[PDB]
Amino acid sequence: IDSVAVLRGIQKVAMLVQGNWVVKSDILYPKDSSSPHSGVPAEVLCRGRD
Amino acid sequence: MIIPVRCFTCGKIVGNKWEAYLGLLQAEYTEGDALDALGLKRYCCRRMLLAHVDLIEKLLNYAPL
Amino acid sequence: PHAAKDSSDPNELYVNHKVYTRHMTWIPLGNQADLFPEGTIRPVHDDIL
Ligand SMILES: [Zn+2]
C-alpha cells in the first residue's frame, strides 16, 4: 500500500501529537453517543479530549 | 454503600477523611503515601480506607431525584 | 440555578449534595444558651460526611 495513500487516509481520522498519531475525538465518540459513566453529550467529551 | 464514620477495631474518626483521600487519589499521591500523610499509623484505619468501595454515587444514579 | 452547560461534576451541578456534620445546629434548651457560650456545643471534626 502506498505511503501517500496511508497518509491521506490517516490525516482525516487522526492528528499529530509529538510525532505520533492519535485518533480524533469524534471518531471515538459519535454524535449520537454519550459518556458511559456520566451520560454527558459526546460534544463535551470531544472538547475535553481535544 | 458509604464510608463508615468510626473504625471497627479502634474507633478513630475516619469518615471525615474520605474526601481527603479521594483528593489525594486525584493528585499524584499513591495509596501508601496518601494513607501515611492522612495520619493513619496503625493498619486498621489504612485497611478501612483502602478496602472501602464507593457505591453511594452508584445508588444515587438510580435514586428518584 | 447557575452552572455550566455540561457540569459533569456534582459539586457544580448541585448544591448541598453532601450533608456534612457542620450543618448540625445546636438548639439550646432553657438556660443552656446562657450557660454555654456560642461555639462550644458543636461537632468535633465538623467535616464528617
Ligand atoms: Zn482504625
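Positions of Cβ are set from backbone N, Cα and C atoms, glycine also.
As recorded in Swiss-Prot:
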BINDING   B:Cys7, B:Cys10, B:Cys44, B:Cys45  Zn(2+) binding site
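Around B:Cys45 (Zn(2+) binding site), the C-beta neighbours below 8 angstroms that are at least 6 residues distant in the chain are B:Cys7, B:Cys10, B:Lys12, B:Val14, B:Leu35.
Each of the binding-site residues B:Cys7, B:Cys10, B:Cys44 was scored by how many other Cβ atoms lie within 10 Å of its Cβ, and the smallest score goes to B:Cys10. The secondary structure of B:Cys7 (Zn(2+) binding site), as reduced to three states from DSSP, is coil rather than helix or strand. Apart from B:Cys7, B:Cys10, B:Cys44, B:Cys45, the residues listed for Zn(2+), the same chain places the Cβ atoms of B:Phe8, B:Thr9, B:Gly11, B:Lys12, B:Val14, B:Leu40, B:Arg42, B:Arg47, B:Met48 within 8 Å of the centroid of those Cβ atoms.
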